[PDB]
Structure formats: structure tokens, C-alpha cells
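In this chain, residues are counted from 1 in sequence order. Reckoned from all heavy atoms, side chains included, excluding hydrogens, waters and symmetry mates.
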Amino acid sequence: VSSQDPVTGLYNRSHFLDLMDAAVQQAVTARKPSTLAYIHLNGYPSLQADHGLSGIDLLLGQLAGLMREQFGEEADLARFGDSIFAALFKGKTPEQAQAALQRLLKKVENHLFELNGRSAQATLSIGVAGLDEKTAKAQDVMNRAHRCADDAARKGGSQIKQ
């Protein structure tokens, strides 16, 4: 079965979750820190309402292309859900990864999207969680970055919550 999201071009959640499992094992046996970024597209409901399936398909594809650009080789990129992206920064502490997360955040906030003639703007809410040897369950890492991202999007605008 294909491991890629045909809309965005990024790998799928299933694929990412395997990469996740492996990065945690590395973190608790080899003690190599990784960072998990949990990315919300802010105001997705309103963008879908105004632009519909076609509009958002284009947005997500552009949004991913900016993530590929801003993170390059440093991160593994997934389409986690409809309005949710995920990034794993293998070998980097959250501290070490903040720079690139800050860079993307602004790239998006200051980016104008062309959607079927129409024009739109968007910000992201990023929940960040580290992978370390004090990790107890791979699922705990997902949870923390999840919860942080949800708290991030609860505030409105471009947001990073570590």
C-alpha cells in the first residue's frame, strides 16, 4: 500500500508513526534526542468553508512545499490529518530545533496563497515535544506535542508551544 499522501506529497500518518517508533527506541537505548513537531493549520474550518475541497487541496500542497523548503533534510514530514502536519527532527533537542520552527512559522504567516484565482493567508499552531532517554512510551511523546498544539491553536495566530 502507498505510503504517500497524494494531495500534499508527504508521507502518511501510518508511515510517520513507524518513523516515530524507531526514533523513540533510538532515544531510550542510544540516547539520541529527537524532536516531534505537531502542526495545526490555523482556522482550517473557515478555509474549507470558503475554499472547499479544491481550495484546500492546493493550500495543503503549497503548505507542505514550504515545510520541505524550510526544514530540508533536517525533518521527516507527514500529513497527519486533514489540517494537521507532523515533523520529526531526528538528532535534535527541541531547543536545537526551535530555529527552524520559528522560521517556518513566519514563512507561512507572511505567505500569500493563490487558491483557484482566490487569495488567502494562514498561520500555524505548533506543538513541540522532545524524544529523550527519560521517555517512557512513544505515545506519551505524541500526546504531549498534541496537547501543546491544541493549546497553541486555542490562542489564535502563529503559535509555538513547547
Side-chain angles (χ1 to χ4, degrees), residues 1-21 23 34-72 74-90 92 94 97-131 138-162:
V1 47
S2 294
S3 44
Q4 281 113 81
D5 178 25
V7 159
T8 200
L10 310 189
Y11 291 109
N12 59 25
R13 186 180 63 260
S14 189
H15 189 270
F16 183 89
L17 289 181
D18 278 341
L19 270 46
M20 268 302 291
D21 261 341
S34 289
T35 289
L36 169 71
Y38 198 100
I39 312 173
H40 283 307
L41 164 55
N42 284 149
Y44 166 59
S46 47
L47 275 32
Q48 174 80 68
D50 296 347
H51 301 282
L53 303 191
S54 179
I56 162 263
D57 175 84
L58 298 186
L59 170 45
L60 288 181
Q62 292 180 37
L63 199 47
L66 294 178
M67 283 175 55
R68 134 187 139 243
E69 152 206 322
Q70 228 75 62
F71 296 151
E74 305 297 318
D76 304 299
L77 295 182
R79 170 90 176 279
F80 198 83
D82 295 333
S83 55
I84 307 177
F85 294 65
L88 182 64
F89 291 96
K90 300 207 174 187
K92 291 171 185 297
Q98 205 216 358
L101 298 171
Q102 291 297 355
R103 211 152 49 249
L104 176 74
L105 208 62
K106 292 161 182 161
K107 181 64 171 190
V108 170
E109 159 172 294
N110 297 297
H111 189 272
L112 198 66
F113 296 98
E114 350 152 298
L115 313 164
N116 295 322
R118 315 230 345 249
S119 209
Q121 176 262 190
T123 76
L124 311 177
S125 286
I126 303 181
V128 192
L131 272 184
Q139 184 48 47
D140 301 346
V141 196
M142 301 295 313
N143 280 352
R144 302 169 193 198
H146 191 170
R147 205 175 286 264
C148 279
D150 290 349
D151 206 72
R154 192 183 322 171
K155 317 190 187 307
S158 309
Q159 298 283 341
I160 292 196
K161 175 107 184 321
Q162 209 175 275

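Side-chain contact between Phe85 and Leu124 is absent, with no heavy-atom pair separated by less than 4.5 Å. Within the 4.5 Å cutoff, the side chain of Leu66 has heavy atoms near those of the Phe113 side chain. Contact annotation: the side chain of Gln62 approaches that of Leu115 to within less than 4.5 Å [non-hydrogen atoms, C-beta and beyond].
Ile56 and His51 get closest at one heavy-atom pair: N-CB, 4.4 Å. Residues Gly157 and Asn42 share a closest heavy-atom pair of O-OD1, 2.8 Å. Taking every heavy atom of both residues into account, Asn12 and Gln4 meet most closely at ND2-N, 4.2 Å. Closest heavy-atom contact between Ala129 and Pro94: C-CG, 4.3 Å. The two atoms that bring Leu88 and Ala23 nearest to each other are CD2-CB, 3.6 Å, heavy atoms only. Scanning all heavy atoms of the two residues, the minimum distance from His40 to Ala149 falls at CD2-O, 3.1 Å.
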Trace of the side chain to side chain contact (heavy atoms under 4.5 Å, CB included) decision for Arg13 with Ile84: CA-CA 10 Å; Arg13 186 180 63 260; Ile84 307 177; over 6 Å; no
Stepwise side chain to side chain contact (heavy atoms under 4.5 Å, CB included) check, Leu131 with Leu36: CA-CA 7 Å; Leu131 272 184; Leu36 169 71; 5.6 Å; no
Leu53/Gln48 under side chain to side chain contact (heavy atoms under 4.5 Å, CB included): CA gap, chis, key distance, verdict: CA-CA 7 Å; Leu53 303 191; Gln48 174 80 68; 3.3 Å; yes
Intermediate values then yes/no, side chain to side chain contact (heavy atoms under 4.5 Å, CB included), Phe80 and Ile39: CA-CA 9 Å; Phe80 198 83; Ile39 312 173; over 6 Å; no
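The pair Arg147-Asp150 does not count as a salt bridge, with every side-chain nitrogen at least 4.0 angstrom from each carboxylate oxygen.
Here the side chain of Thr8 pairs no donor or acceptor atom with the backbone of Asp5 at under 3.5 angstrom. One N or O on the side chain of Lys155 and one on the backbone of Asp151 form a donor-acceptor pair closer than 3.5 Å. Under a 3.5 Å cut-off, the side chain of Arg68 and the backbone N or O of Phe71 do not form any donor-acceptor pair. A donor-acceptor pair under 3.5 Å is absent between the side-chain atoms of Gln98 and the main chain of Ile160, judged by distance alone. With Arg118 contributing its side chain and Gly55 its backbone, the two residues share no donor-acceptor pair below 3.5 Å.
Atom CD of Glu69 is surrounded by more than 12 heavy atoms from other residues, nucleotides or ligands within 6.0 Å. More than 12 non-hydrogen atoms from other residues, nucleotides or ligands lie less than 6.0 angstrom from NZ of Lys161.
Atoms NE2 and CE, from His15 and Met20 in turn, are 14.0 Å apart once rounded to the nearest 0.5 Å. To the nearest 0.5 angstrom, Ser3 atom OG is 11.5 Å from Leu10 atom CG. The line from CG of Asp57 to CG of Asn116 is 9.0 Å long, rounded to the nearest 0.5 Å. Atom CG in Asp21 sits 11.0 Å away from atom CZ in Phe16 (nearest 0.5 Å). Rounded to the nearest 0.5 angstrom, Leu105 CG and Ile126 CD1 are separated by 4.5 Å. Annotation: the span from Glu114 atom CD to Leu58 atom CG amounts to 9.0 Å, rounded to 0.5 Å.
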